Number of protein chains: 2
Amino acid sequence: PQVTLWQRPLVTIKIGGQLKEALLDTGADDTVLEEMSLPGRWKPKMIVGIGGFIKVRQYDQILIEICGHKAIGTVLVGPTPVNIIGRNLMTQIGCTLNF
Amino acid sequence: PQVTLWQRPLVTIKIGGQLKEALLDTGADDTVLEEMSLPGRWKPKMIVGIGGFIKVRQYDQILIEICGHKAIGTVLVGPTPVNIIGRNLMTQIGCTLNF
Ligand SMILES: CC(C)(C)NC(=O)[C@@H]1C[C@@H]2CCCC[C@@H]2CN1C[C@@H](O)[C@H](Cc1ccccc1)NC(=O)[C@H](CC(N)=O)NC(=O)c1ccc2ccccc2n1
């Protein structure tokens, strides 16, 4: 459906057997979730945003359901004040901007 | 038109008599442009993103053309590595996410 932007575009994702709210971020290249326990092997990684860098744990081949749509991809876990769904998973579910 | 997200959603804006590329960011509450000269009176402001805070100059009632669509609103100028069009101006031009 058409999600307008008067308020933040938040949605519910299910990942790691848990339900969470997340922000559909067309400006985030990656998907970054708050600290949590995930099944798998991870690598350290450094990412950067407006204020500088944060170190996150990279997870690959993670199944994540975004509003009921299964998607598999790389998830970054770390100190983000808010769970962010980046363009990587959004393209998989078919999201897009309308102008 | 429907802007997909395989690559970054960049567009051309015209502001301050100049043409610039900017990112359509559904995850940014505000609009933040790289340091530039703007016509007006400004207030200092602190904003925060993934890595922490940055101090920006707030400008109000600024006319900014996004891909030819005039919009008037508050612009934040400061040390951002990339010009960001936030949800504030996007709602004015009628942008929205399609799921
Ligand atoms: C997540 C990551 C992969 C690191 N990518 C990014 O962070 C990219 C980096 C890009 C290049 C540098 C300039 C910014 C763009 C867009 N950002 C995405 C971009 O969408 C980013 C996502 C975000 C949201 C909340 C908190 C942190 C980060 N938004 C922001 O940084 C905007 C800044 C603004 N416009 O006011 N912040 C917020 O709108 C915002 C909202 C709620 C908050 C709650 C607590 C703390 C901070 C909060 N910040």
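Note that ligands are numbered from 1 as they come in the structure, with each ligand's atoms numbered from 1 the same way. Just so you know, these numbers use all the heavy atoms, side chains as well, and skip hydrogens, waters and symmetry mates. So you know, we letter chains A, B, ... as the sequences are listed, proteins then strands, and number each from 1.
- A donor-acceptor pair under 3.5 Å is absent between the side-chain atoms of A:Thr80 and the main chain of A:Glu34, judged by distance alone.
- Scanning all protein heavy atoms for the shortest distance to atom 15 (C) of ligand 1 gives B:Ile84 CD1, 3.8 Å.
- For the atom pair B:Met46 CE and B:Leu76 CG, the distance stands at 13.0 Å (nearest 0.5 Å).
- The option with the heavy atom closest to atom 40 (C) of ligand 1, from among A:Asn83, B:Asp29, A:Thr26, B:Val32, is B:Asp29.
- A donor-acceptor contact under 3.5 angstrom links the side chains of A:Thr12 and A:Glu21, judged on distance only.
- Remark: of the listed residues A:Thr26, A:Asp25, A:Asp29, A:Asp29 is the sole one forming a side-chain hydrogen bond (donor to acceptor under 3.5 Å, both in side chains) with A:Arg87.
- Looking at A:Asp60 and A:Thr74, their side chains do bring a donor and an acceptor atom within 3.5 Å of each other.
- When non-hydrogen atoms are compared, ligand 1 lies under 4.0 Å from the backbone of B:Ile50 as well as from its side chain.
- Evaluated by nearest non-hydrogen atom to atom 21 (C) of ligand 1, the leading choice among B:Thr80, A:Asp25, B:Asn88 is A:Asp25.
- Of the listed options A:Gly49, A:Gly27, A:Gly86, B:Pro79, A:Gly27 places a heavy atom closest to atom 8 (C) of ligand 1.
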Q | Evaluation steps, side chain to side chain donor-acceptor pair (under 3.5 Å), between A:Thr96 and B:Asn98 | A | CA-CA 5 Å; A:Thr96 161; B:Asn98 254 269; over 6 Å; no
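- For atom 43 (C) of ligand 1, the protein comes within 4.0 Å by no heavy atom at all.
- Proximity of B:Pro81 to ligand 1 is established by a heavy-atom distance of less than 4.0 Å.
- The nearest protein atom to atom 25 (C) of ligand 1, hydrogens excluded, is given as A:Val82 CG1, 3.3 Å; this is a heavy-atom distance.
- At least one N/O-N/O distance between B:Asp30 and ligand 1 falls below 3.5 Å.
- How far CZ of B:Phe99 is from CD1 of A:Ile93: 3.5 Å, rounded to the nearest 0.5 Å.
- Distances from ligand 1 to the non-hydrogen atoms of B:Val48 include at least one value under 4.0 Å.
- Annotation for ligand 1: atoms under 4.0 Å from non-hydrogen atoms of A:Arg8 are 41 (C), 42 (C).
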